[PDB]
Amino acid sequence: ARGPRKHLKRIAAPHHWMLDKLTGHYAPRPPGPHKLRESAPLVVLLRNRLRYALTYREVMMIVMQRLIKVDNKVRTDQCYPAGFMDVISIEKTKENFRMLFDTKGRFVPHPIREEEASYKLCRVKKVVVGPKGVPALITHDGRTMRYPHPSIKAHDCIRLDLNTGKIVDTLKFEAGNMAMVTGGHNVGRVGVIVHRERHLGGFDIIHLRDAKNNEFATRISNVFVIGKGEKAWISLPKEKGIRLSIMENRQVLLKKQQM
Amino acid sequence: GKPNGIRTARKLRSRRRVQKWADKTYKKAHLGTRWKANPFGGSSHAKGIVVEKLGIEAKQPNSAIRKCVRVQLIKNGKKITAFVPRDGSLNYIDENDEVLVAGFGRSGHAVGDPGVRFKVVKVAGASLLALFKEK
Amino acid sequence: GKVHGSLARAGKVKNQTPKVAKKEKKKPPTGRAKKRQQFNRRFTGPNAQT
Amino acid sequence: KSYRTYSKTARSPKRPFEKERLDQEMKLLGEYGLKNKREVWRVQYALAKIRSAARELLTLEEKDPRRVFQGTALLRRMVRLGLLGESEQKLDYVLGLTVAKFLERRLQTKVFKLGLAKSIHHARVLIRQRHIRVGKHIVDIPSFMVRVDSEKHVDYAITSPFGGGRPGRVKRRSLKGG
Amino acid sequence: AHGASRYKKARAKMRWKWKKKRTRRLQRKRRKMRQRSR
RNA sequence: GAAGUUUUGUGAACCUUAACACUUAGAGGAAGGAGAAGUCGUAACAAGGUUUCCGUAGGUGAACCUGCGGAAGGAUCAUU
RNA sequence: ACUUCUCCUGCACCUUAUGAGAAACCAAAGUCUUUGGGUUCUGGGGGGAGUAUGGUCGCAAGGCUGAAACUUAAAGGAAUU
RNA sequence: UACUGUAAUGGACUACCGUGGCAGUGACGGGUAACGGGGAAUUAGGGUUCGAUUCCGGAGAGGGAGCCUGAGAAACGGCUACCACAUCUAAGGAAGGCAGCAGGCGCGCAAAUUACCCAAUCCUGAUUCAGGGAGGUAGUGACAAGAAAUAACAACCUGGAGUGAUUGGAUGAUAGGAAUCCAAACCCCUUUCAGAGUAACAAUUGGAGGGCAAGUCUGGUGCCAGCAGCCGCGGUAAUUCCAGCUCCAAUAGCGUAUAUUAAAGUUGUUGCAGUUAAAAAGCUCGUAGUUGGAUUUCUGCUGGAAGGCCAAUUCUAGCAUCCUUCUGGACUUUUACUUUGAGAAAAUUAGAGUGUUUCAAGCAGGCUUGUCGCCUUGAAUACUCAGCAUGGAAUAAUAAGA
């Protein structure tokens, strides 16, 4: 009541962080570009994915060196919400991490090449006219690129340059274009787009087809266009967003563990 | 018989809530009279002071004098007669001595050989078994 | 019941009866070792007085 | 307050006193050398988890994707645990299990089966007195239950007199005393 | 209450017709006594 | 821009009356059950010695009795 | 009017059931653990009690609705000797 | 209708104006030993009872009311007032709010230390550094859950493997170190000098007429004392009392009391009963309510894609006269129903994987003289009436009647 809540609790955290039940009563709380449940804070990358830090203390000792950057910019706050399709860049080690969705429905820092780690994609939420009658995009990231093409519509991605501010490569939202899912049940799945239903009132949905010919649906808010009909602007994680079945995921896992 | 048809939820649902009250055990639960009735407050045990030492006789066939105690609950000062279990122990009570009262195990009602629903579990906190045993 | 039943005889037979001590005997086994003995003596009524 | 789950391993039967029941339980104590009737009811309860799992699965359909997944996982346990033999992998066979199958698999018997212990009772005392290496590390507890690849592996602990160590304490008192 | 059994008289009893009348005289009296205290 | 002040609204608190709710005293009256054995009958159970019972009405120490119309749960499944 | 024969609709009756029931008995009390044609009302051990209080109908007598405290291990059904 | 007011919409409020709104499908009022939900207990299925309490909302800071500051409060570890309690006063006055953490009084059947620290987990700040009774560690703790000591083996009478204190030699309970753990102690896990022979380091708690497993035993008592959940024992021989001996049941637990669930097909949708046992309104009309007869493109042959198994089973195009406006949606009366799909927090629950020594648990681990370590490591998945969407030929409502 009475104002914004400064604590978040463990358990009442998101499940896709995979913070454990014991070993803490509270969990780190991420406001930044991204939402609370559609992001992951910079602490649980460093300690609970990348395994650089042990403790919450040690993440302060890393981040206040000014070694961590995101989007070619130094972020000093340890609880910064670093979300979908943000680049992370550490100068020592000289390795870069683009955050994608894993096929199971988790965040994972996908390691990438140095030339690839310049650019990143931003799907545009809407397009809107600012003052002096100038046009302007706005993104899922909460950037606002201005003077686009007239070409560029809602619900489609743009390759940003990052080294400079400006856009470079557009993409369109149509049938036969590659598209990852960012939320809901089918998260972490990439497939070409077959068809979308309108439903003139609320909630457009899209059916789309995995590269092993599995068909599945999501709302348009969740869908995020990568690239053209086959091929893709970005590098993909392990499995490339197929999501193999429950008995298959059993068989591959226990076949691994026997060595 | 019953109404079977798909839209007969009201008649089925209304008939249970009405005719649940025909049970004897349902009324003892769900009426408001449970809280006024009993000397206990819907409770397992209750302390009180022994106003008087009393003797009552079992109904035939059994004949004898059973040795019970009249007590006033501390919370309500309501008089009750509590039976004293085992041989003797009457000497142990002492008028004006606090005694724990427990249910006879029959949910009020009555026990065996008249009109007594309680048993004195402890005297001065010592308890009856320890003394009879002498342990 | 009548209230005026007398309380003089209370503790008759507890006071009447002759006292006698328990005999000292060797202790029984307990737990698993008890269930060993009970197994054997059945399969190679249980209380039969003279 | 604390986030720790917990459960009950056993539960008592509905009838306290039946001469049919008490005789057949007393045989299982006498064969396998058990402390009390809780140790039977533990395994009675542990079977009924596995049995009620198979009872749920077996009603459905052999081509159903729930049964083919959850059945094959359940059959892997019974092969691993050495409870069902590998020649029959049918889910139906799990139903034909008994308490004697579980109680032959625990470490009281598998010591005795091994034969080092000599007698059922002795085998329990050898387990609790810190002998008998199962695999790499020693095991203190009768109700262990062995996973069939591990069964050849049971041997006296490296430490201890049977094993080849200091001879406890009482042999030293005789040896140094003399 | 009693309803249909009302007068079953399975075992030695007062007799229902008489019993109903006896209670009516008790009840009738209750009225005038309760109206007297108004 | 202070103290003080005008008129509004927000409005605690206290009081009068009334109603509703819940405990609680009461001379006397009149129920039910319990005793454990008393006094007076004998009503019912057999055609229980006037068959039993119902509804209603009146009367009498008490069970009960009688009038009118019913029932067999009757003591008759039955005779121009 | 009567005789012989068929049809529905009545009050019943006799005989019998691998139909039912605790049994007495039952063409319904059958087709109900091989349990679902449709629907209205009522009952949950025996008393206390068809009482108390409140309501409502009645000119009254009383009718309809209708409790509790406490009490009790049996009340009750059909056949057998 | 038109102001006003608000962060904005509104009878939210004010002027005039109309006479409406809700209700037998339960309005209005009363009771709750009522905060709601995620959930918990309960061994077929269907259910019944509980949910103050780990998370998410809500409300409150003795009772009500008012208000400042600020992005945000009608805030109480902020202020003003009254009421109810209560502290100091030199008697003029002043200050108080533990339903925060300990602690005490009082109520009760009923509940712990006035302890140590920010090391972990997170939060606030001008912030790498300061602070935190949030939180964590220890003490009390048979509320509870898990594991399992109280012996084992020999040689030396019953003989068809058990007994027999007859001797006999072969691990921790305990007490103190070592290192480890810890913010600092402590416990666990390791290894250590001592450490059991009536293994005195001695297992108890309820029973022994029936239900209920287990003595027509032996003393004392004599309808007494007492037992007895129910039926029943006791009046001078007690298979039930008070003892002793022996045996039974569960066992580091077991008995009792209250509430609750199953048993209860004794609340009955699945699933009871109503001639005589409890119970068919004295009898007809009747509005809701519930339930409602038959009937409207069925059959046949030729493909196509799949398909289990040594052609069946799915789905689908044609042709028997079968739309079209275009290049997927519009029309087919409308829903219910069923199917698939979306979206819906975790914890708990079921459940995949994994030797926490087993186990309750936990979410970890596992390989390996290799060093930018690897398994491009794991932590799956299900579950969550009404609402949104969709394929469909029956069934049932409902509509109609160029």
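Note that each Cβ is placed from the backbone with ideal geometry, even for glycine, and that neighbours are counted across all protein chains shown. Derivation of every value follows stated rules applied to the coordinates shown; laboratory data play no part.
Could you work out the relative contact order of the stretch A:68-195? I mean the mean sequence separation of Cα pairs under 8 Å and 6+ apart, divided by the number of residues, in percent.
Rounded, it is 17 percent for the stretch A:68-195.
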Report task. Pairs of Cα atoms under 8 Å, at least six residues apart: use those to get the relative contact order of the stretch A:120-170, whole percent. Result -> 36 percent
Requested in this report: Report, in degrees rounded to the nearest 10, the 0 to 90 angle that the Cα long axis of helix D:65-80 makes with the longest principal axis of chain D.
Outcome: 20 degrees
Requested in this report: Sort A:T139, D:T159, A:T103 so that the residue with the fewest other Cβ atoms within 10 Å of its own Cβ comes first and the one with the most comes last.
Outcome: D:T159, A:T139, A:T103
Report summary line: In whole percents, the bins of 10 Å from zero upward hold the Cα-Cα pairs of chain D as 8, 28, 29, 22, 9, 3, 1, 0
Report summary line: Any chymotrypsin sites (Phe, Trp or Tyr not before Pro) in the stretch B:1-66 that lie in a DSSP loop and have at most 12 other Cβ atoms within 10 Å would be B:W21
Report task. Return the whole-Å distance between the Cα centroid of the stretch B:100-116 and the Cα centroid of the stretch B:47-97. Result -> 12 Å
Query raised in the report: Using r as the Cβ-Cβ distance of A:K73 and A:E230, and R0 as 41 Å, what FRET efficiency do you calculate, to the nearest 0.05?
Result: 0.75
Query raised in the report: Tell me, what is the Rg over Rh of the protein assembly as shown, with Rh the Kirkwood radius over Cα pairs?
Result: 1.13
Query raised in the report: For A:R49, what is the net charge nearby, where nearby means another residue's Cβ is under 13 Å from its Cβ and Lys, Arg count +1, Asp, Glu -1?
Result: +2
Query - Ranking of D:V134, A:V128 by count of other Cβ atoms within 10 Å, fewest first - result: A:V128, D:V134
